[PDB]
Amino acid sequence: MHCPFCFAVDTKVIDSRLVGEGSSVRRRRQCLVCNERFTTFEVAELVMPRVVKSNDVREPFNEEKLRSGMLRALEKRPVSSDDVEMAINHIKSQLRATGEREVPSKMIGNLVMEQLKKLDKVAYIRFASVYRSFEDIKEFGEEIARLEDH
């Protein structure tokens, strides 16, 4: 970290302690050139990454939007709410594993599709019909044929 006083590039960590019930790291740093001392805080970014929509508008990640889309596709299917919640938790872990501040809605959609393939193939076709915006009934056959290769 650069010194906030003289802007020398190397600062030394002289002390460290956990704060905020172990969720943050409070440090004491010392400038090697101007010898000034200062406090720093290390805080995690726990909020989910923002979503870049199809029209390039950014909006905060909305877990209810993700879930309600899956529940429309899973209508009348033999998938428990625990299976859906585990699938949502897996999608959320993958989004966080990217390390990105923002992720395109296309990444969320692709991740939902993979979970739906494992959970219920009828639900997968229903979701794909909207996510891939089918304009002709021919597209159902094409999506099914693709699924039948794997």
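From 1 onward, residues are counted along the sequence shown.
Set 123-131 against 13-21 and average the Cα temperature factors; 13-21 ends up higher. For residue 60, the recorded CA B-factor ranks within the middle third of the chain. Only modelled residues enter the ranking. Among the modelled residues of its chain, residue 101 has a C-alpha B-factor that falls in the highest third according to the deposited record. Per the deposited record, the Cα B-factor of residue 40 falls in the lowest third when ranked against the other modelled residues of its chain. Per the deposited record, the Cα B-factor of residue 32 falls in the highest third when ranked against the other modelled residues of its chain.
Among the modelled residues of its chain, residue 115 has a C-alpha B-factor that falls in the lowest third according to the deposited record.
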